[PDB]
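In the structure tokens that follow, a single protein chain appears in two forms: structure 1, then structure 2.
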Structure 1
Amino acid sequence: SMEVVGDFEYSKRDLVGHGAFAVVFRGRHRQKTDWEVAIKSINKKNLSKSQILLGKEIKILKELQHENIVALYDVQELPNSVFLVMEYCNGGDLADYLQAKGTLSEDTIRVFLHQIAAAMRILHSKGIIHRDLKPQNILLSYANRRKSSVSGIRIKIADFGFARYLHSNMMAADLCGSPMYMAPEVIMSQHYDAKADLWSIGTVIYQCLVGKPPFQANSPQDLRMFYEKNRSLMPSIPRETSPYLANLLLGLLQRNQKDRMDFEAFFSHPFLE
């Protein structure tokens, strides 16, 4: 028995991901049954009862068409739910890949990072920050399942439910009428978390190289305590790390935004050249 979602369907057995307000299944087109898709169901009702915002995943994915970002094929709205029918990544996530491979060569890291960079370029041009990049939403796709070496891997960024537009506060002000009462830091907020994704990518590269994240703690509150109590974070970089990768990690893993590497510097960095 299959659940039908417009022109698509899925089995409840083929769960590939979940979060607090969403589940994602492998499915397929009902007629072209070789066309595999990912079907995400978002619980709008539960979300409406929570402090966590609904977000703009549909608009953001609709606006992006890029080979390193999951495509959106269709949307079905219900009163309490919304379904997004998206590109299926047949290789799973980067966490699964690390589980199998342990740590990756620098050359593999470079190949992946080039694709991540290409995605970050389109996000940057559109003023979109993802804000939740991690191994679990950096996905692997094999266009030909026979060519399953590193060169056969295409990387695709997914799960944009936490993503935001940098210009949204300035757009709100334009629409509100008089902005003369709004706090300066609200008017100027574009310039605060603009480099959040660069830190994340830092932590992911680190984990690829070393086999754990650069900074671990018991719980989320404990890690928050750590970042708060240590204002100059030094990542522990293995001494055998190449000069350029060491340099790239040090520039990405700056606790303070203002010290962190710029996007133009990231995209130009010699590790990537």
Structure 2
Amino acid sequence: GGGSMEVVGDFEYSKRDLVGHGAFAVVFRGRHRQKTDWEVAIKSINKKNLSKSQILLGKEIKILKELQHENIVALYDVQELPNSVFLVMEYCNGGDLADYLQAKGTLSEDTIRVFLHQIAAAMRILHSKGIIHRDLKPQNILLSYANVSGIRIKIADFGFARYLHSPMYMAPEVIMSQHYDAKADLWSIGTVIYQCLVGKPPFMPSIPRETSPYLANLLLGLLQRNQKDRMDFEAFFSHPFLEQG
């Protein structure tokens, strides 16, 4: 591919419009070839690189396909050239939360609530399909502007995601450790909210005196080293902090 343009099923991109990189991956802004006002992200993935890695792209596609929520990054198409796999995906013109925090610094409780509402919305869908993300972080949380109220949040990167499995020969450590990471996402969402508020990840941790009681409750409930002790999903989904103003 010497040339500037490239065709990927019903979509196309200029190599001029590179927006960022993932693992063995490069992401371009693109568009539908007929509906050209329809912007997409095209993730090019080097096959030889992938085949030498332990990345399960098949799994990521399986999970992306299964999730059709407005706060989970949409997969539109998969194309397989000889040298590359292409994923055609929702364009998120906002970059990731990491960029937004590097710009805005720390966020208001009003802002963090608007964002967390949408992250919670996505967490519902993962929990209800028995998917654990396990690599939630600001690099994985993408932003899409209409024009703070104009900002829509989309979860991405199911590289590390895994399905919960709801046997005499099976090792006891495997039998027992079933569901052991069931609550891993609730911690991560904790560290993320924390960083949004304080301006760095936390490592009970230092909750600033300014913090509202609800938000302090949520954070201390999420940031529990032992999952046994850590807030469960339904408690989080319906936590007072989310459904006020």
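We call the rigid core whatever largest set of C-alpha positions still superposes within 1.5 Å between the two forms. Residue positions are counted from 1 along structure 1's sequence.
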| query | finding |
| --- | --- |
| Candidates 246, 58, 210, 52 - which moves between structure 1 and structure 2, C-alpha at least 2 Å, core fixed | 52 |
| Rigid-core frame, C-alpha of residue 107, shift of 2 angstroms or more between structure 1 and structure 2 | no |
| Residue 82 C-alpha relocation of at least 2 Å between structure 1 and structure 2, rigid core basis | yes |
| Shift of residue 187 between structure 1 and structure 2 at or above 2 Å (CA, core fit) | yes |
| Inter-form CA displacement between structure 1 and structure 2 at residue 31 - rigid core frame, Å | 4.4 |
| After superposing on the core, C-alpha shift for residue 40 between structure 1 and structure 2 in angstrom | 2.3 |
